[PDB]
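Encoded as structure tokens, the structure appears first; notes follow it.
No lab work stands behind these numbers, since they all come straight from the coordinates. FYI the Cβ positions are ideal-geometry reconstructions off the backbone, even for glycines, and counts take in every protein chain you see.
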Protein chains: 2
Amino acid sequence: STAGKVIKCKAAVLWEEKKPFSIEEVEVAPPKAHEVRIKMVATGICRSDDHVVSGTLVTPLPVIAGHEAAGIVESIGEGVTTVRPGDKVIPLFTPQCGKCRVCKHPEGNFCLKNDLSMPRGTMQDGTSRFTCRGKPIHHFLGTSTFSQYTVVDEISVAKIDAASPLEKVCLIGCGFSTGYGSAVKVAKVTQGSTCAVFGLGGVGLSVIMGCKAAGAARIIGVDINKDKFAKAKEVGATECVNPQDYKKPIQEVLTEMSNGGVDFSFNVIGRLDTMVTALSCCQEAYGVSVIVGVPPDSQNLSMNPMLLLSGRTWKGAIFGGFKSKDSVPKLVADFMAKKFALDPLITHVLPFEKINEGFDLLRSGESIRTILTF
Amino acid sequence: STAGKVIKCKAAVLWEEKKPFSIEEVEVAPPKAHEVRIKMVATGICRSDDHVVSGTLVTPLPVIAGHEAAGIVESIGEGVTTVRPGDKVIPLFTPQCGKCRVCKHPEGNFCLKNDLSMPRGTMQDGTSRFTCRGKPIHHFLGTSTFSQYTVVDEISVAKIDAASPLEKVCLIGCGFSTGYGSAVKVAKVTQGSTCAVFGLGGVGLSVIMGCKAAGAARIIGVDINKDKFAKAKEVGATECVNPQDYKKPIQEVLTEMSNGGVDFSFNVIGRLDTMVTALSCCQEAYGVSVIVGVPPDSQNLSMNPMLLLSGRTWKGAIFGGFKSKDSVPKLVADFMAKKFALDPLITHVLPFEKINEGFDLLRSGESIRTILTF
Ligand SMILES: CC(C)(COP(=O)(O)OP(=O)(O)OC[C@H]1O[C@@H](n2cnc3c(N)ncnc32)[C@H](O)[C@@H]1O)[C@@H](O)C(=O)NCCC(=O)NCCS
Ligand SMILES: CC(C)(COP(=O)(O)OP(=O)(O)OC[C@H]1O[C@@H](n2cnc3c(N)ncnc32)[C@H](O)[C@@H]1O)[C@@H](O)C(=O)NCCC(=O)NCCS
Ligand SMILES: [Zn+2]
Ligand SMILES: [Zn+2]
Ligand SMILES: [Zn+2]
Ligand SMILES: [Zn+2]
């Protein structure tokens, strides 16, 4: 009975910087031409959402944030072809228009229709579908998943297997696919290779999972917090190392450990230093280092281009280099064929209403991933 | 009549830093086990040789320098298999032992037996084959081509077509193959792509030649010296641009010129800034920038890793990523099949004795490439 009209619901609104989320009553306008509207069933709490809170990921406020989710379609706008009423779905914070330079390219995925580079906090048409007390509220990354209902453009949503556990596959919306993809799509880890992951939060662990998926003989986890190590070895990390145990700087140890450098390194932290370390520790002639994480601060690093001239490759990606609308339904299909498990990434589950609690568990470094449910 | 014994000849000896080369009489010891000895017919004057002179490429002195050459084998040591007496050859400043981690790898070429990283200025065995007045003199990059006679290890020499004009194919020893290879092996330039070359000396021109060889629709030459432009368009550059004509910084102009960024950029200069420019000006999602040239100074650059995170790739190479002993005889074969011309790269020819004159023509930026002949 909701199709074609306004829905009154609860959302999590960030009125301004450095404040908690307030649960407010919200009006969600119905989907216009080429727009879908979705009943959220589960959303993950990711780092970038916290960066919205500190003001270090600059997007316009007030905003309904949140970008890692799954749910079910409530209705569709005119001429929507890719999804139907009731289809389970995952919003795509990196779109796939299928028509830009980037979408047409065989390697690229950072669709030119993205809202990441200079965020507008709107739908593709320049307007908002959310009001609170008549005050309009911005979208976030064309997703905005901190709400019982959202509306997104067709190029920001993917149909998925009608039977997927939405509490679990929502991780394919961001944290999993960002890490997994960094290893299997971007870096193209190969049989028997030696990998080295920097940062053992959930993206890092998904990287490790991507490195094991490829046939890596050695997967060296690096982190300053000991407590992250069990889980990493559980997911495939053959070895772990904590830089603060050592006298020598860690690329020096990782180089002698790997007999003159690793095949593939991954920076999954988001300090500046650690990116340089990771590049240096790969084999001088043919090593590949991948930037997964970055600080949102956006600052400049210092580095010796001698490291590249010997033959090293330094690259990075968003959303694990995955073309979003092609990839997500196959990535979920791969979960249902049991070609990897998601449980290890899910440490805390909460009702949507204790969103603020979940964000306390990320800031204290206790959560790998909190899931909010509806 | 020279096989198995000492040869008295002329060489160009650098007794110390920041002095001209002196023509001295030299004793060249005969080849030991697995060593070749070569009568030079032509050597090129490259930048790195001048960097030896200023003390900015640190190798031990005194030294017979020079690394871009061809010649003819005078004799061979025991158990040498790859070459015979009288075979025309090109010394390889980057070896191919065929046995290290790097040589065994399918992408790598920076053989671990190289003398580039921490130069010893010797043969592979740790000794010198050159004396002047009984004072021993170091080798350079296991080549030392500023001499009527040299001796190199078997893994630093390549047999070539018995009919090649040695005045011309010597360029495959360094400057040509460094540029050409950067485009066709390293970067893997593709059909119809948009290329952008920074620096239009002879390596840069060889890059341009490598970009035209691949099927590039657009090849944008960049240089601060107007006078380099005719030659670049001659070799395939479809367009040229001089940053000092403009108000906007050049990646900003190159970005609007290329409709949002080039497919492949190449830094072939060796300042720090220009490497960053070149990376920035390639397309954010799928662009590839290649470091060919570097300053020998070895300093640190400043850079925003946001540029990589969007999907950019930043890599570099020595000797155009070419596996030296496999590549040189096929690269020369490709010259004799007339699949590219070398004449455009050769601006000045001189007798070996006016070596100092040729080095004056590089420092004043008048030479693209001076060839010394014997
Ligand atoms: C860092 C990213 C990848 C999230 O990763 P993750 O969820 O694993 O964050 P988390 O902090 O939990 O994990 C990083 C790990 O680094 C460790 N760490 C912190 N400092 C150090 C250090 N000096 N040395 C080693 N490890 C460290 C922490 O212990 C932690 O385990 C994310 O913030 C990011 O930068 N993504 C970039 C891509 C992007 O912007 N996409 C848009 C949607 S997110
Ligand atoms: C620079 C290298 C590649 C030699 O190239 P080349 O012979 O073309 O040198 P050359 O100076 O003639 O050419 C560079 C060009 O840059 C131009 N240039 C100088 N400054 C600028 C600037 N600010 N902007 C644009 N162009 C510039 C010059 O006009 C010149 O034409 C070489 O020095 C090098 O760094 N090689 C690294 C690999 C290596 O060490 N291998 C070992 C054997 S050499
Ligand atoms: Zn697109
Ligand atoms: Zn995320
Ligand atoms: Zn080798
Ligand atoms: Zn050279």
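Using only the alpha-carbon atoms, how far is helix B:202-214 inclined from the longest principal axis of chain B? Give it as 0 to 90 degrees, nearest 10.
Rounded to the nearest ten degrees, it is 60.
Computed over the Cα atoms of chain B, what is the convex hull's projected area averaged over all directions, in nm²?
Spelled out: convex hull of the Cα atoms, projected over all directions, averaged, 17.8 nm².
Along the charge dipole of chain A, which of A:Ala29, A:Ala42, A:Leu361 sits closest to the positive end, that is, farthest toward it, with unit charges on the beta carbon of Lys, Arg, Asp and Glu (+1, +1, -1, -1)?
So the residue we want is A:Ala29.
At 7 Å along the Cα-to-beta-carbon direction for both A:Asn259 and B:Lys226, put a label point, then send me their distance in nm to one decimal.
Modelled inter-label distance: 5.9 nm.
Run through the other copies and list how far each one's label point is from that of A:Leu112, in nm with one decimal, shortest first; the point sits 7 Å from Cα along Cα-Cβ.
Distances between equivalent label points, in nm: 4.7.
Just to verify a number: FRET efficiency for A:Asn356 and B:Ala341, C-beta to C-beta distance, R0 = 60 Å, to 0.05?
Between A:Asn356 and B:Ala341 the formula returns 0.25.
Mind listing the Cα extents of segment A:179-317 along all three principal axes, in Å, largest one first?
Principal extents (Cα only, largest first): 36, 30, 30 Å.
Work out how much length B:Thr190 to B:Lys8 would gain on full extension: take 0.36 nm times their residue separation and subtract the Cα-Cα distance, in nm to one decimal.
60.5 nm
Can you run phi through the Karplus equation (6.51, -1.76, 1.60; θ = phi - 60°) for segment B:40-55 and list ³J(HN,Hα) in whole Hz, with x for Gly and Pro?
5, 10, 7, 10, x, 9, 10, 3, 4, 4, 5, 4, 4, 4, 6, x
Using every Cα-Cα pair within the protein assembly as shown, state what percent have a distance larger than 50 Å.
25
To confirm my reading of the symmetry, which residue of chain B has the Cβ nearest the axis that brings B onto A, and what whole-Å distance does it have?
With distances in whole Å, chain B gives B:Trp314, 2.
Suppose each label sits 7 Å from its Cα in the direction of the beta carbon; what would the B:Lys99-A:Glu17 distance come out to in nanometres?
Here the modelled spin labels are 6.3 nm apart.
Between B:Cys195 and residues 5 or more places away or on another chain, which pairs have amide H atoms under 5 Å apart, with H built 1.01 Å from N, and which residues are they?
Residues meeting the criterion, in which the H sits 1.01 Å from N, are B:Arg218, B:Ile219, B:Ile220.
What are the ³J(HN,Hα) values, in whole Hz, obtained from phi via the Karplus relation 6.51 cos²θ - 1.76 cosθ + 1.60 with θ = phi - 60°, for each residue of segment A:352-358 in sequence order, with x given for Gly and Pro?
Taking θ as phi minus 60°, the curve returns 2, 6, 8, 3, 4, 4, x Hz for segment A:352-358.
Under 10 Å from the Cβ of A:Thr82, count the other residues' Cβ atoms, weight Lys and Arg +1, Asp and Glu -1, and hand me the total.
+1
Considering only the label points, 7 Å along Cα→Cβ from Cα, what distances in nm to one decimal separate B:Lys248 from the same position in each other copy, shortest first?
4.9
Taking amide H positions as placed in the peptide plane 1.01 Å from N, state which residues far from A:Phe322 in sequence (5 or more) or on other chains have amide H under 5 Å from it.
Residues meeting the amide H criterion: none.
Mind listing the label-point distances from B:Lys188 to the same position on all other copies, shortest first, one decimal in nm, points 7 Å along Cα→Cβ?
From this label point to the equivalent ones elsewhere in the assembly: 0.4 nm.
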